[PDB]
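Enquirer: Before we start, here is the structure in question, set down as structure tokens.
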Amino acid sequence: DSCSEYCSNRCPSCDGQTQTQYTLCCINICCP
């Protein structure tokens with residue numbers, strides 16, 4: 001979690017969401 005699926009950095013603030021919102025958070029906010 002914390003964007004481990006998509007990123008080398010970590011953003012736990014993306015946790016706790018439904019799937020598309022999680023993915024958006026990770027790829028556009030955590031590690032664009």
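In the structure tokens, each chain is lettered A, B, ... as it comes, each chain's residues begin at 1, and ligands are numbered from 1 in order of appearance.
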I'd like the contact shell of region 4-13 of chain A - 10 Å cut-off, only C-alpha atoms, skipping same-chain residues fewer than 6 positions apart - returned as a list in words.

Expert: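 Counting only the stated atoms, we get residues 22, 23, 25, 26, 27, 29, 30, 31 and 32 of chain A.
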
Enquirer: From chain A, collect each residue whose DSSP state is alpha helix (DSSP H) and return the set as a ChimeraX atom specification.

Expert: /A:19-24

Enquirer: Hey, can you spit out that residue selection with C-alpha atoms as a PDB file, in the first residue's frame?

Expert:
```pdb
ATOM      1  CA  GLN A  19      -9.645   1.626  -6.578  1.00  0.00           C
ATOM      2  CA  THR A  20      -9.671   4.302  -9.244  1.00  0.00           C
ATOM      3  CA  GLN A  21      -9.159   7.088  -6.707  1.00  0.00           C
ATOM      4  CA  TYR A  22      -6.254   5.224  -5.150  1.00  0.00           C
ATOM      5  CA  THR A  23      -4.622   4.723  -8.539  1.00  0.00           C
ATOM      6  CA  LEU A  24      -5.153   8.422  -9.474  1.00  0.00           C
TER       7      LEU A  24
END
```
